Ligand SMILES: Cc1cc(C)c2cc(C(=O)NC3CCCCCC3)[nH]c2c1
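The data below hold one chain only, encoded as structure tokens and taken in the form solved without this ligand.
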């Protein structure tokens, strides 16, 4: 089926190149503005009890705007916060800030607003030492994203208050820096990865245009990918991890596909074949493998769509778009470019690249100046290594199997959590600011559980109903009691001007003694029998996080079942055998287990955390669901890449041992190069202030290391020999 497309693309090489390069450039230009139309509210399962409770609370009593941005004020020259001159100056500055921006900021409320008020809650807003204070500045906006945009707009003028001695913390600053880490990571990649991947390509292909064709495609892929995501942003909301996911996964896999296609074309040319025959054979043999690998990634990433998390759905869209576009490019535009170039693809150097490139795209300047700066043995090595491995297959498989099984032990200690300030390095400015806020003013940052009571009849809720609901709530123990009195716990939520005072809805709330035990208390609050005609929901940040974790756990078995079944069926269709898919699934599962074990060993147990200056905190719910699919898809990708040559060798009429040796020897350098490229682009994101990005990048590069050294150098050939001729049992 691919022979027809090879003939067509050779026949219409110029037209396809022009059409698809124009499409990719247009998509990249469209996606340039993807940062403005990207949301950050996909971290929780939708349509659950907790989210329904939060929505009802927001609708009735309005949003809690007091914790948007909190500004800590420290008087200069060790002056007391009660100084009249300092108070007057800071009040005037804050009033000027508020009046300058009447849209971004609702206002500022705090002790400085009324220093003479005898309100214990407000009086607690200033430290006992009278050396610090803080103010709350609610922001306008009916959506979290719009509030974040307002905060970003008003931040530069807000930081100048008190002569710069102001510490902005809370929710909005944390979200702003969490989003800014994405830009920091993208810039770090743009600066560091491209020169190193270019150097790797130079090593694979020596100072030739073939060394640049893959990277170009990579660029185009992500460019076009971004456009698609921008388009997807007009249909459904997307999360701010779509951009990093594209720039990492799509870039790496697109460069890998381009490397494989170019290597196959060069091999065909060296063997002796017309450019038309060369392109036809590299799209039938290597192009088919690339397409099947992309389809395997798509089938391994779609099961993430089952999870209700919008973050997982957005990353699934990003992965699908990037992979599909990378495969489409590698087959059509890369093949047509190779057809146009002809045998001189490996002869000429940077000539056509410098003739007339497209300014301001992928930093092509980077690669071209990198080549400017940088003005068979592998086959034999691989053959001898695999021959030695096959000479003693069991002796090499057993130690690897046992060590990988051992690496899975720490996964038993995995713990899951939610968003927090711990997702930034300990030296981060606003993380330290919020920690100082908590230390100076403990108890002002709370995440209480909320009981939302609603009447189906619409009648106002009687006092007796709230009274006995509070009593039954006290029946459950394990809630904060700072005042040590049951009479005045489970207080009603503060009522803001925004929202409608619906008498049929009443929300009470109270903090939890320990967050870890929340999972039980939630259930104890839900199993609690509500009044006759009142429906009750349990909400709040602990409730949302626990519900997301529970939904992820509930859907994980089905997700894994679908993942295994789809990947095995796809490999059966591709290879045509029945047992190779089984062994590939087993190898992917083992690699995933080892990677998750190592990730839990370092990130959770805090082993090696000092090197990358991140605090050890439990993982977050959707991250494990995402990393499982990513690792499985990538390990299956490399398994298919390694086994495509073996299956082609067997179809060429040679023994199983000879076929596997030939395949591994031929694909050794290509696999090593692809692994190096993806490891480099992942390491570009490893040194990231976002601990979620650290999670994903470390997991990906650990999968790279395992599947590139242990799985393939020693383990896979041994297992193939042990299976013997039964590998082709179909």
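Residue numbers count along the first chain shown, from 1.
What comes next is about the form solved in complex with this ligand, which does not appear here.
By the criterion of a heavy atom within 4.5 Å, residue 241 is excluded from the residues contacting this ligand in the entry with it bound. By the criterion of a heavy atom within 4.5 Å, residue 311 is excluded from the residues contacting this ligand in the entry with it bound. In the entry with it bound, at least one heavy atom of residue 633 sits within 4.5 Å of this ligand. In the entry with it bound, no heavy atom of residue 614 sits within 4.5 Å of this ligand. At a distance of at most 4.5 angstroms from this ligand in the entry with it bound, none of the three residues 10, 269 and 279 contributes a non-hydrogen atom. Note on the partner interface in the entry with it bound: the residue among 297, 543, 221, 334 having a heavy atom within 4.5 angstroms of this ligand is 297. Between the options 537, 641, 575, 307, the residue in contact with this ligand in the entry with it bound by a heavy atom within 4.5 angstroms is 641. Only one of 247 to 255, 208 to 216, 388 to 396, 154 to 162 places residue heavy atoms within 4.5 angstroms of this ligand in the entry with it bound, namely 247 to 255. Residue 678 is the only member of 675 to 695 with a non-hydrogen atom no more than 4.5 angstroms from this ligand in the entry with it bound.
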